[PDB]
Amino acid sequence: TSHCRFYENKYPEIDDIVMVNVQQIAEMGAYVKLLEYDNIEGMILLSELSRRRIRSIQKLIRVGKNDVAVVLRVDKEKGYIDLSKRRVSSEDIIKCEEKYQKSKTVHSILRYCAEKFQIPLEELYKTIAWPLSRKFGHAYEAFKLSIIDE
RNA sequence: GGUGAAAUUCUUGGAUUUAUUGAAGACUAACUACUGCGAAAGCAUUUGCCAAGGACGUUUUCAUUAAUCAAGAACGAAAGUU
Ligand SMILES: [Mg+2]
Ligand SMILES: [Mg+2]
Ligand SMILES: [Mg+2]
Ligand SMILES: [Mg+2]
Ligand SMILES: [Mg+2]
């Protein structure tokens, strides 16, 4: 079960870049799920969805696929996000790519660990990934070190 | 910044705005109007100098010296050329 968000808390921060998989589209916008963080839903509105004039949404969004975005407002009581998509700079997307790729590696490795040990990812992340992220900022550099220095 | 909306561009070597100032070059807002001057272009900050001009007033002076003009000439917006 893929849960237990990458970061040390399940909620977003006010300015961050993130990457999102679209789940559906409504008329006012799309309330979609975050993948840089665990599962929390939030709106992306059509007015702040496309760069150019919004002529089509099917071509741009491509529901079921991965896109870059940022977060502007946060609901820190029960969980709701306001996100943005047009304000992604040419430099933003590159670092979003690298951050999501390292996160995806560290997620798939420990997902395999959970599947082979049949223990929820929450406990495994709390026991292993979190202290390593505390110590060296991200667990992937720790994995590289463990390859080199044990 | 900018735009229908964006992007290019400048920014924690702190831009955008904030106060004093300093430099440069342009130009003369509002007053500015069915208003003025000039042959036409054109002419709008102040002051001085330089000469010029229309209009009016004139019981001033000369007495046709005038009108339009091929040839010839003077100015001639903007742009452009040394
Ligand atoms: Mg300043
Ligand atoms: Mg003036
Ligand atoms: Mg006048
Ligand atoms: Mg002639
Ligand atoms: Mg010239």
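Going by the header, the method for this PDB entry is cryo-EM, and the resolution given is 3.35 Å.

Trainee: So what's going on with the packing of aromatic side chains? Which residues, and what values?
Mentor: Tallied over the entire structure, the rule returns one aromatic pair. Between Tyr7 and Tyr37, the ring centres sit 5.4 Å apart and the planes meet at 80°, which makes this aromatic pair edge-to-face. Of the two residues, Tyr7 sits in the segment before strand 1 (17-21) while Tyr37 sits in the loop between strand 2 (29-34) and strand 3 (41-45), which places them 30 residues apart along the sequence. For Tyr37, a relative accessible area of 3% puts it in the buried group.

Trainee: Report on the nonpolar core, specifying residues and quantitative values.
Mentor: Ranked by size, the top nonpolar core spans 17 residues in total, and within it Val18, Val32, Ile44, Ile61, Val71, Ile81 and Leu83 carry the most contacts. Taken together, the elements giving at least two residues each to this core come down to strand 1, strand 2, strand 4 (66-75) and strand 5 (80-84). Within the second largest apolar cluster, 11 residues are counted, among which are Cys4, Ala114, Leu121 and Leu124.

Trainee: Describe the domain arrangement of chain A, and please don't skip the residues or the numbers.
Mentor: Here chain A is described as being made up of domain 1 (16-91) and domain 2 (92-150). The interface is formed by 12 residues belonging to domain 1 together with eight residues belonging to domain 2. Across the interface of domain 1 and domain 2, roughly 920 Å² is buried in total on both sides, 62% from carbon and sulfur atoms. Summed over the shared surface of domain 1 and domain 2, the result is zero salt bridges. Our count for the contact surface shared by domain 1 and domain 2 stands at two residue pairs in polar contact. Mapped onto the side of domain 1 that touches domain 2, the elements with two or more residues apiece are strand 1, strand 4 and helix 2 (90-117). Here the side of domain 1 that touches domain 2 is composed, by residue class, of seven nonpolar, two polar and three charged.

Trainee: Mind laying out unusual backbone geometry, listing which residues take part and the relevant values?
Mentor: Despite not being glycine, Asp15 has its phi angle at roughly 145°, a positive value. With respect to the helices and strands, the residue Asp15 is situated in the segment before strand 1. Backbone geometry at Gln118 places phi at a positive 55°, although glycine is not the residue there. Topologically, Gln118 is positioned in the loop between helix 2 and helix 3 (121-136). Residue class for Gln118 comes out exposed when judged on its relative accessible area of 70%.

Trainee: Give me the lowdown on the pairing of strand 5, citing residues and values where you can.
Mentor: In the sheet, strand 3 pairs with strand 5 via three bridges, with the strands oriented parallel. The residue of strand 5 that forms the bridge with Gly42 is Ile81. Both strand 4 and strand 5 contribute to a ladder of five bridges, which runs antiparallel. Paired with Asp75 across the two strands is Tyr80, which belongs to strand 5. The hairpin formed by strand 4 and strand 5 contains four residues between the paired strands, and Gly79 there has a positive phi angle of roughly 110°.

Criteria and cut-off values
Residues numbered from 1 in each chain as written, not as in the entry; some residues may be left out. Chains lettered and ligands numbered in written order. Part of a larger assembly, values for the part shown. Heavy atoms only, no water. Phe/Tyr/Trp six-rings, centres within 6.5 Å; stacked < 30°, edge-to-face > 60°. Helix = DSSP H or I, 4+ residues; strand = E, 2+ residues; numbered from the N terminus. Buried < 20%, exposed > 50% of the residue type's maximum accessible area, 1.4 Å probe, protein only. Core = buried A, V, L, I, M, F, W, Y, C linked by side-chain atoms within 4.5 Å. Domains from an automatic or database assignment. Contact = heavy atoms within 4.5 Å. Buried area = accessible area lost by both parts, 1.4 Å probe. Salt bridge = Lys/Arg side-chain N within 4 Å of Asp/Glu carboxyl O. Polar contact = N/O pair within 3.5 Å; in protein donor to acceptor, adjacent residues only side chain to side chain. Nonpolar A, V, L, I, M, F, W, Y, C, P; charged D, E, K, R; others polar. Pairing = 2+ DSSP bridges.

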